[PDB]
Structures are given as structure tokens and as C-alpha cells.
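One structure is given here, and the rest of the page talks about it.
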Amino acid sequence: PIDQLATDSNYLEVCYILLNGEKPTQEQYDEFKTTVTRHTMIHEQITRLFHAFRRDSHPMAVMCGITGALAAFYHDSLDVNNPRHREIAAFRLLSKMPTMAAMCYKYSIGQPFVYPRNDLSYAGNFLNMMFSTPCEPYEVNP
Amino acid sequence: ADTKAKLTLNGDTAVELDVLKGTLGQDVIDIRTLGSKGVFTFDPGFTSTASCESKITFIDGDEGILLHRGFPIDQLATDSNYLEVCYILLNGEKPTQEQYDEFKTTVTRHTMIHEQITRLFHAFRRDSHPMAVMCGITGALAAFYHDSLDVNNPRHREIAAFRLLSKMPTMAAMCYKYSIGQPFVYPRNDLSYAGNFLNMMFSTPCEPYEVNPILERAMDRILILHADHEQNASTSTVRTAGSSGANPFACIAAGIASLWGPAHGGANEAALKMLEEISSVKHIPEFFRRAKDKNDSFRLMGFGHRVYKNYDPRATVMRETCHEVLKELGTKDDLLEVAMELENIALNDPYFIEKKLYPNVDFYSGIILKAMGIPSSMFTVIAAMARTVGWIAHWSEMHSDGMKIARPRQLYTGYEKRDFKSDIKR
Amino acid sequence: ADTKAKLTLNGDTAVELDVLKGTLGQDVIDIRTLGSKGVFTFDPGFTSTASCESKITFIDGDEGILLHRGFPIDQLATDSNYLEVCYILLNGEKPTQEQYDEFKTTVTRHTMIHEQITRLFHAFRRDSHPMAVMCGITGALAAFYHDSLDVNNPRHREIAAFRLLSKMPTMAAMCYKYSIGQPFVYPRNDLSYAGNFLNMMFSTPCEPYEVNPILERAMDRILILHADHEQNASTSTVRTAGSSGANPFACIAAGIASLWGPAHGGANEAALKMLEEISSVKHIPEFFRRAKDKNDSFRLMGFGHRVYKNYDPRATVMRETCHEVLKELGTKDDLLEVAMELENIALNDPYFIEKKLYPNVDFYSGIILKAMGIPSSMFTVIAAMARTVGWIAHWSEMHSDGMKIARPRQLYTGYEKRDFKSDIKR
Ligand SMILES: NC(=O)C1=CN([C@@H]2O[C@H](COP(=O)(O)OP(=O)(O)OC[C@H]3O[C@@H](n4cnc5c(N)ncnc54)[C@H](O)[C@@H]3O)[C@@H](O)[C@H]2O)C=CC1
Ligand SMILES: NC(=O)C1=CN([C@@H]2O[C@H](COP(=O)(O)OP(=O)(O)OC[C@H]3O[C@@H](n4cnc5c(N)ncnc54)[C@H](O)[C@@H]3O)[C@@H](O)[C@H]2O)C=CC1
Ligand SMILES: NC(=O)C1=CN([C@@H]2O[C@H](COP(=O)(O)OP(=O)(O)OC[C@H]3O[C@@H](n4cnc5c(N)ncnc54)[C@H](O)[C@@H]3O)[C@@H](O)[C@H]2O)C=CC1
């Protein structure tokens, strides 16, 4: 039930459950969480795509733009039939999406982009990438 | 207090002119009606004309007085700090701790500029003089800050004030990092206004930067001492341009340009000619170059000033400050032993004694900055950078009074109505 | 020949003053040395203070008289071109065939802007205002043209003056192209000043652009009618700025910012508020919007002007030229028939006759610019572009007079000296 999940679980475990069909063991959770974390920073060339959009472009439009541009850069995980390719294509999107979302925001307001931080959680990190600046230490309210 | 009531002008009909008085300084003959009566004065330079009513700065050139809201520049530079002076100039009264907290937090909260504006620096040549880049940047702000251009909306003025006040030192330290191929530094909320400017000016991503408290206060002092200076040329340009609806970002840009006009406007080698003759006549370690240089003397070199007669009041606390800076940096300033020689020259050379080329606040500021490492190209960027609040206050006051549009008269002396007949045919 | 002799100011004794005479208009009272006695005059706005002696443009508001070097505006606006009028404003006399051709040539051969300047446009926002960006590039030019800043050098001043008469259209057109998103177009030395402009504004690689002779002529006259307009605020901003010794470019950038001061200085909804009320009360095809809009009437919409009493002497030709244009664009301008109703209202509606809201040059210049497919935003830009030759002449005439640094006085009514005691700790 969606209730229990939202109250007892956390996005990444649900991410694990949806994709795998079963709940994760601590060891499998560690493994899965470490894979999403390990690939949050996107290619710097892709980062150069944001800078080709107008500062006045609606964030969603920029998002569809960015996401529709990934295939050019991730040309080695396009074989929808290679099982290994699907695993990569899953993890990438799962890891880089909040990263591209917080960049669509920083862009539309003239604030510098924030790199992912491995020490931060999936949500706390998205919060950090969304709001923090190079000017002051950002406090992630629990 | 003899005739602080009335007087008379005699053109053809005895026109009654009311004499107006201040709380300090001289009296003024209200002639704002003469024009209508078909009577115009002729004062190119407004040397005998009072452009407005002001309550910000008061200067007594003969007696060496400089007051900001009634407070002597000395006390402010010794007791206060730039931001409090910023508060006082703009508000007219000193800040309560709570109001200070409030004001300081607002300047701090808006130091980082738009990243798109940051992309303007990258369109300038790496070889562009910093000041030129500054006027360029500041003249480009209106495009980005299009929501604070209504010079008539009170809320717009508050934003336009705070922005400039917060982002100026940020754009100044970027004009420096740029001209030397070093990465820009983001503002840091934990740092002070001066210490932060020092950090943005010098630090790199390679090592932790140490903000010397002595330099921190010194820099701060340079700022308080360059805040405002009554109705000078730049402050006049700002007001004139401003009385014509010009947005705050444009007024400050002309104020900046108006400020370094005497610099480039001298000659590619005016105060630079002899700076080239230091390789042929270097036989004498002083009278070569800038001891023999001034054939056409300059106060830009830090000597003399048209406003004060015997001395410059701002130079008093600047000289003292300059003493610690040199005594702090030690074995990197022993070569900069010419400041003394130069000071001695100004104090004793009959020509200098004669024409009163005394050292001014800039002489002592130049040394401080020179000892600090900041190049001469940056001196003026830092003068204007500090001077911004003085321009804003004067700009603000002008808009509260009545923003009387600049519409002076002229004495026409060209041809009379003549007919035009196409002399050419092309 | 009345008071052409002298006058005397009396405070408590007699002070005799001269009374210089101009070849046209009102004479003035020489008060230059008044300050060398402490006696000052009060006059915010200088509307009763002749700021300088000029010979470029003569005006008589009530008579509706406009003159440029004596030649009536209506004579130039018809039997000359922008460059020939520029030559006159800049040189005092109508050019000779050999003079005009050489002046013309140098203007066309310097129409391109350095590739690095072009790059700066790219860091501005697309949504920015062509005028806000126009200011940005203008005050940014000094960062490149460091070879012509020294204002006391006649060589520099001329080069700089030519760099601006050549580069303004190029610059302006690019503001437009970048705002809409079409590629920048290089100047064609085979086309006239105006044609070359309409090409840079409307040309696209997809096909060759062909300038309509009537439209080309129409733009040249818009330029002619905006060439100069005496001592106004935006020209007096150039003069004030230039007195300090500020470079030409930054001075020309000040005027642009001061020329559209009333446009943005209005408010996000000054003459734009009711423009939003054209969707709810559109039941009436005119009195909705800009027939009801002006609560705070605007001369920026083409109705009224402080200079003239009953009409604009520049609006004469502009109106005739307006018809020819509309009488050429036919089936695309029939909908812009509000131009005649608005004009009809301006001539008969009480509200207008009361405040003397007559259609000025900008009224008709706008109908033509709109008729030609030009966006509103690019109207003061074009006006600032045309007015630059004037600002060039004024700035130049001020650089011969004696370059008198604007150093006005002030009636100081602030606080008398008071000790400073800060009660803060931050
Ligand atoms: N489950 C798995 O084994 C997976 C393996 N991969 C592999 O890992 C590689 C990663 O590719 P992308 O991340 O898309 O590369 P990318 O070049 O497109 O984007 C980011 C680059 O930064 C590095 N990076 C990303 N986030 C980082 C972080 N948080 N800390 C440190 N470095 C970080 C990446 O290793 C990569 O070189 C793929 O080429 C694929 O071979 C990708 C997904 C899952
Ligand atoms: N007294 C007040 O309430 C003021 C309010 N403002 C408001 O604040 C907004 C700020 O605009 P700008 O700073 O000019 O925006 P901007 O986009 O032009 O430039 C900097 C951006 O970075 C952020 N920023 C700047 N310095 C920062 C710092 N030290 N720490 C964290 N973030 C920082 C700003 O919030 C802003 O979004 C304005 O749009 C205005 O509504 C501006 C001035 C005074
Ligand atoms: N009467 C004269 O001799 C004048 C000479 N100049 C000189 O122009 C030189 C650079 O002038 P700017 O155009 O402002 O240089 P710039 O630094 O702005 O560069 C523009 C470049 O494009 C060239 N250019 C511009 N329009 C051109 C055209 N229509 N055909 C061919 N080349 C064209 C220029 O010669 C120059 O190399 C300076 O050294 C200055 O002395 C400027 C005005 C008058």
C-alpha cells in the first residue's frame, strides 16, 4: 500500500522495489544506493546544453530539452535489447534526473549550478542542489 | 545673518530676490523666477550657482571641514565603518544595533550577481583596462535588473540602492581577477564588507586566504573616506542625468566615467610621458621620472586639491592607516621608501609649498593599495566602488526633493535664420 | 537695445554685472565671478541659468522656431540628408561637394564594429530591451577604443566622433536583430546611411533585401528631425559628463540612458497599466486603452512638448512624410487608421486642447516607424542614434570653450557639526 511505503519506506527503497519486485536486503540496499550515488554528476558537455537555452525559458521545456539530448552523449546504452544496456540506462536517469532538475532551476534564476554531494541523501542532496550557493553553508532541514 | 531675508536685482525693473540661508556655509539668492521674468544668468561651470538643496555633505574648503550628516569625516573613519556610514548617508541618522543588523543583512544577502552578468566579463578582452570593464559592466546592469528601473517607485529605489551597494565591490574584484587571468571569487556571507572584498580580490582555489585584520580595517577606512564628497563633477553628472529619468544603474555608470575622466583624458602620456624617461635619465634616483615628471602637475598623483586650501581632511586618518599597513607588510615595503621622499618634496619644495601641492587622501590611499598589491589600474575602480553610496544618496535625495529636470539656458551666438540651398549634389 | 548696457545686484550695497548678448534670443547677466565674493544664486533645474554659450541650435518655443546653424529645420528636413545635416552640426557650414564626399566616405568606411564587440551582444539576454542593451554596448565601447579617450586631443576627439556616427546604426540594428533572433547583418558600403540601416534592420540571408526609395528617404528624415534639439536634459547630461574629461563613448552612453529615462522611469505600468485594460473594456474601439489611458498624460506618446508653445516645427515634414509612407505600404497599414483618429482627438478633444496635447515629431515619426514594421522598443534607440550627432557637436563645442568642469554649489540645510558616537557592535 502506498501509505506504508510513504510512511515506512524512502524513495530509493521504493525505487529498488518497483524495479526489482521485492524489497531490498540491507546489503542489496547498500549496493543499489551506492550505484545511484556513484553516477549523479552528469557529463560536463551536457552541462553546456543548459547554457544554450534562454535564461527566460520555462524550466520544464529546458528539462525535456536536456533529457531529449542525453542519447547523443550516452550512445553506449541505447541498445534497448542488451540487458546490461538497460541497467545503465536505468541508473543514469535515476541518478542524473534530480541533478538536471535542480540545474533547470538554478539556470532560470541566474544562480550557479551545484554539483552532487555523495555525503548527502537523495532528497537532501536535491534540496542542496536546488537552493545552496557558493556564498554560504546550506542547512538541510530534516 | 545680515540679509537672510531679501535683496534686489536691477535689470530694468527692480526685481525682489529672496535670500535663502542654510545651517552651514553661505547664503543663496533664489532666482528661480528670473527666467520667467525673462531674466537669465550666465554661469558656465555653475561656479556661482547652487544646483539644489542638500542635507548630506558639507564642505568648508578654507577651514578643511567635511561632514556626513553633521558628523566629521575623522570620527566616522576612526569610530565608524563603511556600512554604518552607508546607513547614515542614505538614512540621515545613525543606525540602532537592530537597524544595523537589518541593513548589513540586506547588503550581504545580495552580493552574488546574476550569472548571466558574470558572462559579460568574458566578452571583454583580457587586455582591457579594469575601469573600462567596470563602466561596461555597470552600464549593462539595466538589461538584467529591468524590475527596478522606475526611478519613481519608492520600492524600486530601495532595490536599486541595495543592489549597487552590494554588487559593486563584487564587480570590482571581478574586473581585477579578469585582467590577470585568475578565477573569480564568489561572495562569502561569513566575511565582512572589506574583508570579503579583500578575499574576492586576492584569493584563489589553490590555497586558503588569510584576511589580515590590519588590511581589513585599512581597506574599510579607504571606503569610508571615499564615500561622498558633496556636489563634485561625478556627483553632478549623476544628478543631472538622474533628473532626466535615467535609471539608477545608468546614473552610477556616468558617475563612474565622470570620476575617472581626468585619468585617460590627460594624454596617452600626460602623466605617463616621463614614466618612460626613467630609462635614459635614471642616473638620479628620484628627479628622473615622477620628481621631474609634473610639467603639467596633477592631483591624480595625490597632490593638492581644489576643494581644500591648506590640507585634505580625509588624508589625516588615511596617513595614520598607511603607517600600520607598511609596518605590517614589512620586508616587501622597504623599497617603497619613495612615499617619504615624495611627501618630503611636497612639504618643502618651494614649488610645492608655493602652489600648495600637499598630499591628499589619495596619496596615502595609493601607498596603502600599492603596499597591498592592488595595481594602479584598480585604484579608481575602488574609488568609485566606495563612492557608489555617495552617488545613491545624492540620487535618492534628488528624487525626494522634486526631481527638477535639468533644463539650463544658453547664450546663442551662431548664425541667424539663413536659407539652405543644396551646395552639394550627392 | 534696452538693458544691453549693465545691471546691479544689491544685498546691502551695489554689485554691477555685465549683460552679454546673443545674436538670437535672450541676452544674459554675467555672474561668473560672483562666486569670487561668496554670493551665489539658487536655481534647481537651471531653467533660469544659462549653462553655456552655444552656436549649434537656436530655438524659440512660442514661435515654434527650430534652427541648426541658422538653417531652419524645415529646410534641412527636406532638401538635405542626415550626413549633410551632420556635417553642418559638426562643422557649422553646409559642406562643399569635395568636403561632403570626403566626410561621407570616412563615415561609410568605418561602419563595422570589431568582432570582439559583437561578442558582447551574445552575453546579454534575448528578452532584454533593445534600448537597455543599446546602453550596454555604448558605455562598453571605451574598453576597446582606448586609442581615442584623451578628450584634450583634437585628433582623438574627431576619431571618436567618427567612430560614433559610423557605428551607431550598426550597433542599433544589431540590438534589434538580437532581440528578435535573426542573424546580425554587416554594413554595405554601397548603400546610403539610411538605406544601409534599413538593410541591417530588415535583411536576412534567405533573399536579397530591396530598399524602397520612399522608405529610405523617410528614415533619413526621421534621423534629420532628431539630429539635435539644443540644451535639453539628455544633451546637458553629455555636457556635464564631458566637463570632467570623461571619454566620448561613456558620454554618448549617458545621453541614451537619459533619453529613455521617461520611458522606463514611468513604471512597469505607467503608460502600460491601461494597455492591459484593452481586454475587459474593449466594447469601445478607441476610448478603451490609449484614448482613456493617459491619466498622467505623456509627451512620449506624441502629444505635447515643453519646448514649443503651440506646435512642433519638426512635426511639419514628419507628417507629410508620414502620409507618403502610409501611401506606399497600402494594404497593411489601413488598420493603423487609429493614427488619424488619435490625431483627430488630439485636435478636437477638450482634454487635449486643454493641456495643449498637440502631435509632435515623435507622433508622426512613430506612425512611420510602425508603418515600416519596426517594434516600439526600437524607437528611442533610433532617436538616440540620430541625436548622437547632436551630442557629438555639443560635447565638441564644450571642448573648445574651456572645458569648464561642472562644480556647482548647494544650499546646505542639513545638520551643523555634531559629534559621532556609534552604539553598535557588528
Ligand atoms: N550499475 C553499474 O555498474 C553502472 C555502471 N555505470 C557505468 O558507469 C559509467 C558512469 O557513466 P556516467 O555516470 O553516466 O558518466 P558521464 O561522463 O556521462 O557523467 C559523469 C562522469 O562523472 C563521474 N561521476 C558521476 N557522478 C559522480 C559522483 N557522484 N562522484 C564521482 N564521480 C561521478 C562518472 O564516473 C562519469 O565519468 C558508465 O559509462 C557505465 O559504464 C552506469 C550506471 C550503472
Ligand atoms: N531590501 C530588500 O528587500 C531587497 C530585496 N531585493 C530583492 O531581492 C532580489 C535579489 O536580486 P539580486 O540579488 O539582484 O538577484 P540576481 O539574480 O540578479 O543576482 C543574484 C542572485 O543570487 C542570489 N544571491 C545574491 N547574493 C547572494 C548571497 N550573498 N547569498 C545567497 N544568494 C545570493 C540572489 O537572491 C539572486 O537570485 C531582488 O529581485 C529583489 O526582489 C533586492 C534588494 C533589496
Ligand atoms: N579619418 C580617419 O582616418 C579615421 C580613422 N579612424 C581610425 O580607424 C581605426 C579603427 O577604427 P574602427 O573602425 O573604429 O576600428 P575597430 O577597433 O572598431 O575595428 C573595426 C575594424 O573594421 C574595419 N572596418 C570598419 N568599417 C569598415 C568598412 N566599411 N570597410 C572596411 N573595414 C572596415 C576597421 O578599419 C577596423 O580594422 C583607428 O586606428 C582610427 O584611427 C577612425 C575614424 C576616422
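Just so it is clear: chains get the letters A, B, ... in the order the sequence lines come, proteins before strands, and each one is counted from 1.
- In summary, of the residues considered (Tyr351(C), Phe352(C), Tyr358(C)), a ring pair (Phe, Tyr, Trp, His ring centres under 6.0 Å) with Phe303(C) occurs for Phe352(C) alone.
- Residue pairs satisfying the salt bridge (charged side-chain N to carboxylate O under 4.0 Å, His left out) criterion with at least one member in residues 93-114 of chain C, sequence neighbours excluded, are listed as follows: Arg418(B)-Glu93(C), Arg426(B)-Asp101(C).
- With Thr321(C) contributing its side chain and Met318(C) its backbone, the two residues share no donor-acceptor pair below 3.5 Å.
- With hydrogens and angles ignored, the 3.5 Å screen pairs no side-chain donor or acceptor of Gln182(C) with any backbone N or O of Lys177(C).
- Put simply, the side chain of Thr23(C) gets close to the backbone of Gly414(B): a donor and an acceptor are under 3.5 Å apart.
- For the residue pair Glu216(C)/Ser192(C), the side-chain donor-acceptor check at 3.5 Å is satisfied.
- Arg407(B) is not listed as a side-chain neighbour of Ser236(C), based on a closest heavy-atom distance of 4.5 Å or more.
- Formation of a donor-acceptor pair under 3.5 Å by the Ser244(B) side chain with backbone atoms of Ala241(B) is found in this model.
- Counting only residues at least two apart or on different chains, the salt bridge (charged side-chain N to carboxylate O under 4.0 Å, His left out) pairs with a member in residues 52-77 of chain C are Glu53(C)-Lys55(C).
- When atom types are taken as modelled, the side chain of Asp79(C) and the backbone of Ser422(B) share no donor-acceptor pair closer than 3.5 angstrom.
- Evaluation of the salt bridge (charged side-chain N to carboxylate O under 4.0 Å, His left out) test over residues 333-355 of chain C, restricted to residues two or more places apart or in two chains, returns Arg319(C)-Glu343(C).
- Among residues at least two apart or in separate chains, there is no ring pair (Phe, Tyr, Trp, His ring centres under 6.0 Å) pair with a member in residues 309-350 of chain C.
- Donor-acceptor pairing under 3.5 Å is recorded for the side chains of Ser54(C) and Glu397(C).
- For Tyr178(C) and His122(C), the distance between ring centers is under 6.0 angstrom.
- No donor-acceptor pair closer than 3.5 Å links the side chain of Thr240(C) to the backbone N or O of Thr237(C).
- Summarising the local packing, NZ of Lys273(C) is surrounded by more than 12 heavy atoms from other residues, nucleotides or ligands at distances under 6.0 Å.
- Checking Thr235(C) against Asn232(C) by side-chain atom types alone, a donor-acceptor pair falls below 3.5 Å.
- Side chain of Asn344(C) to main chain of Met340(C): no donor-acceptor pair is present (N/O by atom type, distance under 3.5 Å, no hydrogens or angles).
- A donor-acceptor contact closer than 3.5 angstrom is absent between the side chains of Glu84(C) and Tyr100(C).
- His146(B) and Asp127(C) form no side-chain donor-acceptor contact under 3.5 Å, judged by distance and modelled atom types alone.
- The shortest side-chain heavy-atom distance between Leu90(C) and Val389(C) falls under the 4.5 Å cut-off.
- By the 4.0 Å N-to-carboxylate-O rule, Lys292(C) lies close enough to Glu277(C) to be salt-bridged with it.
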Full working for ring pair (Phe, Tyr, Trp, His ring centres under 6.0 Å) between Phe103(C) and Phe162(C): CA-CA 9 Å; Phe103(C) 178 88; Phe162(C) 270 110; 5.2 Å; yes
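- Between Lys425(B) and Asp423(B), no side-chain nitrogen of the basic residue sits less than 4.0 Å from a carboxylate oxygen of the acidic one, so the salt-bridge criterion is not met.
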Starting from the C-alpha separation in whole Å, work towards a yes-or-no answer on side chain to side chain contact (heavy atoms under 4.5 Å, CB included) for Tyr193(C) and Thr111(C). CA-CA 9 Å; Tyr193(C) 193 102; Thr111(C) 47; over 6 Å; no
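- Pairs of residues two or more places apart, or lying in two chains, that qualify as ring pair (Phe, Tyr, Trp, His ring centres under 6.0 Å) and include a residue from residues 206-230 of chain C are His229(C)-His305(C), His229(C)-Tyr308(C).
- Not one N or O on the side chain of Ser48(C) forms a donor-acceptor pair closer than 3.5 Å with the backbone of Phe40(B).
- For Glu416(B), the CD atom counts as densely surrounded, since its 6.0 Å shell holds more than 12 non-hydrogen atoms of other residues, nucleotides or ligands.
- The shortest distance between side-chain heavy atoms of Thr49(C) and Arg409(B) does not fall below 4.5 Å.
- Side chains of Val85(C) and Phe71(C) form no contact here, defined as non-hydrogen atoms less than 4.5 Å apart.
- For the pair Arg163(C) and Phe249(C), the cation-pi test (distance below 6.0 Å, angle within 45°) is failed.
- Checking side-chain atoms of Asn91(C) against main-chain N and O of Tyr87(C) turns up a donor-acceptor pair under 3.5 Å.
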Anything under 3.5 Å between a donor and an acceptor, one on a side chain of residues 373-381 of chain C, the other on a protein residue two or more places apart or in another chain? List them.
none

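- With hydrogens and angles ignored, the 3.5 Å screen pairs no side-chain donor or acceptor of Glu328(C) with any backbone N or O of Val325(C).
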